[PDB]
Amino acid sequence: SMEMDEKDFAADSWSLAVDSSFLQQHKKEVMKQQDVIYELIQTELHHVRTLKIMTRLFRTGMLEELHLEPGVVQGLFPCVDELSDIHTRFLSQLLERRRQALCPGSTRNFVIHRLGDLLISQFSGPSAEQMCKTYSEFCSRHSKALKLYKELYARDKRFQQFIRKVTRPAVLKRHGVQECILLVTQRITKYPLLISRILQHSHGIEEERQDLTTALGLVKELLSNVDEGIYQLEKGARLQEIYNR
C-alpha cells in the first residue's frame, strides 16, 4: 500500500480516524454507518495489498531470481494479474468517493452518503461477469496451488531460501504463500457481511436503503454462481476420475 492511504486507514474506526470536533457534529446512527463503510474500504485496501505481495514480491521475485520450470509460477499464483486489476479498480472508486467527500481544509474529515450505487456498479454488468469468471478459475485452482507450493518448498533448496528470505520481515507474518491464497479465496464471502451491516445503518435515506438492498442481492447472486462453477483441479488427475465425478 502507499503511505497516504495507509495513514488515512491507520485508525481502528472512522470515529477514531476523523477529528473529534468533526465526529461531535454527527448523530450516532451516521457514526455507526460510517464505521462499517470505513471497515469495507480498509479491508479492500488490505486485500489489494495481499494481491501486490503475490504479484510483486512472490511471483516477480521467483521469475527474476529462480530457475523454475515454465508454467510453475502461473500454477502457484493463478489469475493474480486479473484479480489485481479487478480490485485495484474497485479500490480506486472507493477511495475517490471518500476523497470527493472530504471537507475543504481537511484530509481526514468526510461522510460517504451514497455507497450503494458504487456497489451496484461493481457487482453488475461486465465487471460482475469478470469477477465471476476470475474467482471461478482462481478457486478451482486453489488446492493445486497449495500442493505445488508444498512440493517445491520440500524439494528445492533455492526455492526454500527465497521463501524464507522474503517472508522473514515481521510485516509479512500473516502473508506467506498459502496464507495469501486463502485470504484471496475468503475475500468474496466477506462482502455480504459488510454490506448487510452498512444497510442496517442506512435507513435514513430510502434511495440508499434500496440501493444497498439491490447491491446485497447482486453480491449473493455472484457468490452463488462462483460456488456452482468450482471443481478442484488436481495435477495428474485422470479423465476417468473426472467423468466419474
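Heads up: residue numbers just count along the shown sequence, starting at 1. The term rigid core refers to the most C-alpha atoms you can superpose between the two forms while keeping them within 1.5 Å.
Asks: Determine, for 43-51 and 62-70, which one has C-alphas that on average lie farther from this form in 9 other deposited structures of this protein; superpose on the rigid core first.
Replies: Stretch with the larger root mean square C-alpha distance in 9 other deposited structures of this protein: 62-70.
Asks: If you average the CA temperature factors as listed in the entry, which stretch comes out higher, 234-242 or 2-10?
Replies: Mean C-alpha B-factor is greater for 234-242.
Asks: Which is higher in the entry, the mean Cα B factor of 125-133 or that of 90-98?
Replies: Higher mean C-alpha B-factor in the PDB entry: 125-133.
Asks: Out of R187, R49, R197, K28, which residue has the highest Cα temperature factor in the PDB record?
Replies: Among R187, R49, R197, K28, the PDB entry lists the largest C-alpha B-factor for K28.
Asks: Please rank the C-alpha B-factors of the chain's modelled residues and tell me whether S140 sits in the lowest, middle or highest third.
Replies: Bottom third by C-alpha B-factor.
Asks: Compared with the other modelled residues in the chain, in which third is the CA B-factor of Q161?
Replies: For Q161, whose C-alpha B-factor we compare with every modelled residue in the chain, the answer is the highest third.
Asks: Should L68 be placed in the lowest, middle or highest third of its chain by the C-alpha B factor in the entry?
Replies: For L68, whose C-alpha B-factor we compare with every modelled residue in the chain, the answer is the highest third.
Asks: For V36, return the chain-relative third of its C-alpha B-factor as stated in the PDB record: lowest, middle or highest.
Replies: As the PDB entry reports it, the C-alpha B-factor of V36 lands in the lowest third of its chain.
Asks: Report the third (lowest, middle or highest) to which the CA temperature factor of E44 belongs, ranking only the modelled residues of the same chain.
Replies: Lowest third of the chain for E44's C-alpha B-factor.
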